[PDB]
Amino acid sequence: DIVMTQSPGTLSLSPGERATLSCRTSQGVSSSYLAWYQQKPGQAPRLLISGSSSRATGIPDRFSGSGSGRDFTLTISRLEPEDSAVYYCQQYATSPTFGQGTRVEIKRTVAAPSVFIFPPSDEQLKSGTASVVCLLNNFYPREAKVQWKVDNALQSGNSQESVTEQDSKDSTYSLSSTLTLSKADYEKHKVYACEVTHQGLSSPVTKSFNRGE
């Protein structure tokens, strides 16, 4: 078997800059037997290039393939925003093998999030659980910090977050931190805040609420 090795792991470049991706094989493969794929979040992969350098139909000129032997390359000659994605090489000379992908991350100037805190719905409280949600909307970069506090008591170990993939239009991230409590605890306390710390913020932002309206 042949082992596709892609490098680097992530590529962070601005639109209009050139991307070049490396895919190395564990042994020599002819140019005819190589494919490149593109996977954007939550989709199948699209064939971009087959036989080292033949563009599949409908694929833009800014993708080209090259190399031979044990070193093959895809160059996105000038990145679009919409080229934020992961990308896989495949040998099909023998038994098909794929690399583990390169992620391209589209650079952008700093964007502070806009923050939104949601208290628990009554229909869930009538069910015995209490889920408070806090949204960080359209920020860049990906490095952000969400610290729940309940009546200035800092939370830990009770909150989970998940992050939407880099938008293909405005290249930002959005996150969703969720403090979870029992219906019991949720009534023993009154000042439910969510404090955000991101590069775009002069100092940490706090949204909050009270159990009122």
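The first residue of the sequence shown is number 1, and the count goes up from there.
Between the stretches 79-87 and 117-125, it is 117-125 that shows the larger average CA temperature factor. As the entry records it, the average C-alpha temperature factor is higher for 126-134, out of 126-134 and 94-102.
Of the candidates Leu179, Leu47, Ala44, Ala184, the PDB record gives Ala184 the highest C-alpha temperature factor. Annotation for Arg108: C-alpha temperature factor in the lowest third relative to the rest of the modelled chain, per the entry. Among the modelled residues of the chain, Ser64 sits in the lowest third by CA temperature factor in this PDB entry. The entry lists a Cα temperature factor for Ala19 that places it in the lowest third of the chain's modelled residues. In this PDB entry, the Cα temperature factor of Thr206 sits in the top third of its chain's modelled residues, the highest group. Remark: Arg55 belongs to the lowest third of its chain, ranked by C-alpha B-factor as recorded.
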